[PDB]
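Shown here is one chain on its own, the form deposited in one PDB entry, set out as structure tokens.
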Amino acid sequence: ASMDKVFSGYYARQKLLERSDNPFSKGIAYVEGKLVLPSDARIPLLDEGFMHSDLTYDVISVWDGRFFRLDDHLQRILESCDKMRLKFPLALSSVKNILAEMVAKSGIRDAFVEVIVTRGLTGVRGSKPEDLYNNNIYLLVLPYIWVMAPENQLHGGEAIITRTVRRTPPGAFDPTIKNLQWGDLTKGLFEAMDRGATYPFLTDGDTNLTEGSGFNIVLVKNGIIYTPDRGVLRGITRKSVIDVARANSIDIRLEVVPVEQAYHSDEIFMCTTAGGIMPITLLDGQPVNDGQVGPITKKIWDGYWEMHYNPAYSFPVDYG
């Protein structure tokens, strides 16, 4: 729509949500068949999701009461489960119905929605017959989380190329399997803090860019968009960027992206479900190009948010 419009709508819905007396206005979780407040939600200590981070997950947004690309996210987590040798425990029809019920019960119009699938009590129940405790699922709905707050998207944020950490390589863990084994990404966040920046861009250690702590990385040079094609999550936001680029006849290249290229970029942005299209205007303490949010970034930002109202990519939740 326009930075102003998208954000003003959000802030108006937030004012209403903050005045709600519904206890679920702060969020709602599904654990062991029960709906509970997130602060009250408790998972088994012996769950392998905790004991060995033996899990996959996914995160979907609701924006202005409309789920965005829920089907794409659920297909991705099904693929993640297959790669992990996990069985996704709920039929997709029913997980969609339960999530929509949870969102409706909360009254939250702008939501962060997390789905976690773990290997359950497989470790402690080895001797036991195969049953429902071999794969566990947890669902969480919270007010929308911003990796870059709206006010900061206006002028862009500050990134570093990490030098104390590199991305877990695919031979150690396939990064197309969304996962919570964030040891590298967490370290990256601390390195950024130490260096006076916010957003860590991790390399593969072999001179190319990968991704960061909750986002994919996109470079813009001479009217062409570039984003890494290996070593990263195949982001649904990135998928949407590709859709917008193609609709605008902007060439977009999924390929290996050398670290060097970031230092000459015309524009840089990050992309994620938790915040959308997030400009980067400082890199390693120096301006990206002129230090301004660039025109291609703005076109992608606008097209991205317009997609949230397109019925091919979204549907409205029934708040009753």
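Under this definition, the rigid core comprises the largest set of C-alpha atoms superposing within 1.5 Å between the forms. All residue numbers are counted from 1 along the displayed sequence. Only residues modelled in both forms are compared.
One more form of this protein, deposited in another entry, exists but is not displayed; see below.
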Item to check | Residue among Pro89, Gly107, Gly123, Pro170 whose Cα moves 2 Å or more between the shown form and the other one, once the rigid core is superposed | outcome: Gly123
Checklist entry - If you line up the core, does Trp146 shift 2 angstroms or more at its C-alpha between the shown form and the other one? => result no
Checklist entry - Does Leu132 show a Cα shift reaching 2 Å between the shown form and the other one after rigid-core superposition? => result yes
Checklist outcome for this item: Evidently the Cα separation of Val124 and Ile43 changes by 3 Å or more in that other deposited form, so the atoms lie farther
Item to check | in that other deposited form, whether the C-alpha atoms of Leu132 and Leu37 sit closer or farther than here (change of 3 Å or more) | outcome: farther
Checklist entry - What stretches, three or more residues long, have all their C-alphas moved by 2 Å or more between the shown form and the other one when the rigid core is held in place? => result 123 to 133
